[PDB]
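Participant: An experimental structure, sequence included, is below.
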2 protein chains.
Amino acid sequence: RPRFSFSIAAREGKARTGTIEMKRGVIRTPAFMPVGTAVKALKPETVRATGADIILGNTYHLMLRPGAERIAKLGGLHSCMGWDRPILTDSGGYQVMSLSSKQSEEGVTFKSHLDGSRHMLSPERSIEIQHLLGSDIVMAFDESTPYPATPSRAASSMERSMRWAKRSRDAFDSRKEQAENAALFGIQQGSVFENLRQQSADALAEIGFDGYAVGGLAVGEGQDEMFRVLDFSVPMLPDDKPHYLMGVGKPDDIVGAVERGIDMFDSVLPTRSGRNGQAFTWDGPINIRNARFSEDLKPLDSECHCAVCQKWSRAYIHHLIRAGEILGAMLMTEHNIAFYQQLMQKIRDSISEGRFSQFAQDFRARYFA
Amino acid sequence: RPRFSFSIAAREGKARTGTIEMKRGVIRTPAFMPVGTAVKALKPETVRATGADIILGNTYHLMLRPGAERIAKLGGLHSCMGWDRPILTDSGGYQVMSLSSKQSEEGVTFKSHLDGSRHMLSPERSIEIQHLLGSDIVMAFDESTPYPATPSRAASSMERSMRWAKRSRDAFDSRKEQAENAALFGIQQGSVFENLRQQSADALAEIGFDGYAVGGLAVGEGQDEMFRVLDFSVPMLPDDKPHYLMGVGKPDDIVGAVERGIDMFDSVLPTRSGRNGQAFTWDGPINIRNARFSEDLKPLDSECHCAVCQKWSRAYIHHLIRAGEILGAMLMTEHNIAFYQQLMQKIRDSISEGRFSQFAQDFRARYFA
Ligand SMILES: [Cl-]
Ligand SMILES: [Cl-]
Ligand SMILES: [Zn+2]
Ligand SMILES: [Zn+2]
Ligand SMILES: [Zn+2]
Ligand SMILES: [Zn+2]
């Protein structure tokens, strides 16, 4: 396979389906990428069985423990965790802002939320860390914008983000092994402001990336506003490269983003929700802890094809979750991730067959009944 | 298969190897029975893959939640948890003593360590609960003796235990479905006193059971004393029925019990140890959390055949355990249980080949090097 080749097989309105080929394998788009770090209750083989083509690794988590350099010594992340397919790594930027406890044009210095140890993160160091991890898709390091943001603050952060995007680009290109085997995604900023989004997009396309993420959404703006920003934002990005909506999200959010031209997704919802007792179903999410499931012999969802729905009842999982049993988290998570892959499969199939619009309508009618 | 048939294929000194046939399957003895309730981090298929022929279910845990009657309504325990092979259930007696917060000749009343709810447990009710669970091997309800115990207190508890053994026997026989499809084990008491152990054994054999457990050990007496009590105690039990040492134990303990004629074992060590970072190896247990394993690329054990040792390094598991990741507990537990099954297999093989004594010596030399 090549380093990176995105091919679009079918379109419907703004929606696209197709594939990304990478040395470690093929990714079907639109794609959901389970978070491979951050609950972590599945073996890689199990993650693959749900249908995942690629997983996401959190750079921030890994640079703290066991450490980027240690992971390289051990043979890199794929080898360490036993996942041999592509891995996309975030830049570490977001988590440094939210999970960590000083910013500059150079980058960011911070203390670990764990032992209070000090670290720097710059475009160059983030890119180097992702290299040491062995990541297949590398995210440019950027500066996040809080919602809500003033036009001035959004402009400045977006502008710094474009400068850092160029630094990320160059750092990645100067490392031969990384440039030849990995891909680099740029990230569009601009908050909710159309003009900033346009300048960001023009700047990113000028630099040139393998893929373009839409950053700054899913940060408390609401679905209406998110969709409104996607409406004008995605068409600004190059049409022939993948579009990646970071941190999204709920099933209905995913369906709408695809309708607006997004090809790639990640979210902690399926794994996080798993531990808290929330199972996704075609009839909407349920909380298995609810007393109404104590003697319910049906699977989590009536149509789901996952191994959990073939073998165990709501009644049993209700018990496992309420009793704090680890198996409970294992099964809720396997089912949730499987449900998400089945969602993406129905999206890809429906686009391929030119009936995605009808699928989106039928999906919502039932899901929100 | 029959209700219950214990057959001895080979002997070496006091050690025996052979099989128990039951309707739900065959059990190879000497046998280790993983605890299927109580960390609970494995799917049944995974437990079976480690080589387990039978698992143990904790009656006390299950009567509290989700409740014996609810389990029956749901289709019984095998169906609920997805394990279709034999299940042995304890009587609930021990846990009521230790985990719960009033005793009589009738039984015991107690309040749940959870919501402080009230419950009674008698020989009859314990037997009924195990029936409602659907258990294949049912333990008689008895009264535990604390270590250390006076001869008088040991005598009285043992005597009550024999009266309760007869009540357990009758309760079990009066339920047609249970008597025809399940087996009943009696439990020898007497503390460390030879004469009491003899009266207990005579009393149990007079009543008549499918198997005989040696109770009252592994309760703080030490290995020397335990072995000393097994020395005179096991030969008192009928030779043609299985001998079950409850709550044992460490690998070296198991090897010595078998040399003294025990056929069956259960212990929380492999599962409990798993969560705390202790892995069993042929060179002794290790604590994977230790800093010395942070960059150790070898499997948990160099010879182990389990899926964990085929796929993951100490270095990675060290990270999972230290980071509180659920996968860490899953892998340590799968390996520990697998190691225990490999131990029993080498015991059965060595007895079959008349070289168990040599195996016991070689095992200890290396394990305690
Ligand atoms: Cl990790
Ligand atoms: Cl359970
Ligand atoms: Zn981790
Ligand atoms: Zn499912
Ligand atoms: Zn339970
Ligand atoms: Zn192993």
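Facilitator: Okay, I see it. Residues are numbered from 1 along each chain as shown, chains lettered A, B, ... in the order given. Ligands and ions are numbered 1, 2, ... in the order given.

Participant: Any chance of the backbone angles for the residue of the stretch 51-200 of chain A found nearest chain B?
Facilitator: Scanning the stretch 51-200 of chain A for the residue nearest chain B gives residue A:66, at 4.8 Å (criterion: CB to the nearest CB). (Each C-beta comes from the backbone N, C-alpha and C, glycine too.) Residue A:66 has phi and psi values of phi -80, psi 0 when expressed as degrees, to the nearest 10.

Participant: List of residues touching the helix or strand hosting residue A:273?
Facilitator: Using DSSP states H and E, residue A:273 sits within helix A:269-276. Here helix A:269-276 makes contact (CB atoms under 8 Å, 6 or more residues apart in numbering or on different chains) with A:34-35, A:38-41, A:249-250, A:279-280, A:285, A:287, A:329, A:332-333, A:335-337, A:339-340.

Participant: Buried ones from these, can you make that a PyMOL selection?
Facilitator: A single PyMOL command suffices to select whichever of those are buried according to 16 or more other CB atoms under 10 Å in any protein chain shown:
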select buried, chain A and resi 34+35+38+39+40+41+249+250+279+280+285+329+332+333+335+336+337+339+340
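
Participant: for ligand 4, what are the nearby residues on chain A?
Facilitator: A:304, A:306, A:308, A:309, A:335 (CB under 5 Å from the ion).

Participant: Name the residue of the stretch 151-300 of chain A that lies nearest to ligand 4.
Facilitator: Of all residues in the stretch 151-300 of chain A, the one sitting closest to ligand 4 is residue A:300 (5.1 Å; CB to the ion).

Participant: Pull the contacting residues for that residue.
Facilitator: Going by CB under 8 Å, 6+ apart, residue A:300 touches A:279, A:281, A:286, A:288, A:308, A:309, A:314, A:317, A:332, A:335.

Participant: Tell me which of these fall in helices.
Facilitator: Judged by DSSP state H, those include A:308, A:309, A:314, A:317, A:332, A:335 as members of helices.

Participant: Phi, psi for residue A:185 please.
Facilitator: Recorded main-chain torsions at residue A:185 are phi -100, psi 140, according to degrees, to the nearest 10.

Participant: Can you tell me who it pairs with across the strands?
Facilitator: On the basis of DSSP bridges, residue A:185 is bridged to residue A:139, residue A:211.

Participant: Quick one: neighbours of residue A:359, just the number.
Facilitator: Other residues near residue A:359 number 17, with proximity taken as other CB atoms under 10 Å in any protein chain shown.

Participant: Also residue A:294?
Facilitator: Neighbours of residue A:294 (other CB under 10 Å): 18.

Participant: Next, the contact list for the residue nearest to it when sequence neighbours are not counted, please.
Facilitator: Excluding the flanking residues, the one nearest residue A:294 by CB to CB, 6 or more residues apart in numbering or on different chains is residue A:318, at 5.6 Å. For residue A:318, the contacting residues are A:288, A:289, A:290, A:293, A:294, A:296, B:66, by CB under 8 Å, 6+ apart.

Participant: likewise residue A:118?
Facilitator: Contacts of residue A:118 by CB under 8 Å, 6+ apart are A:109, A:110, A:111, A:112.

Participant: could you check the distance from it over to residue A:101?
Facilitator: 10 Å (CB to CB, to the nearest Å).

Participant: Distance-wise, check residue A:289 relative to residue A:295.
Facilitator: 14 Å.

Participant: Can you give me the neighbour number for the spatially closest residue to residue A:287 that is not a sequence neighbour?
Facilitator: Nearest residue to residue A:287 in three dimensions, chain neighbours excluded: residue A:277, at 5.0 Å (CB to CB, 6+ apart). Residue A:277: 20 surrounding residues under other CB under 10 Å.
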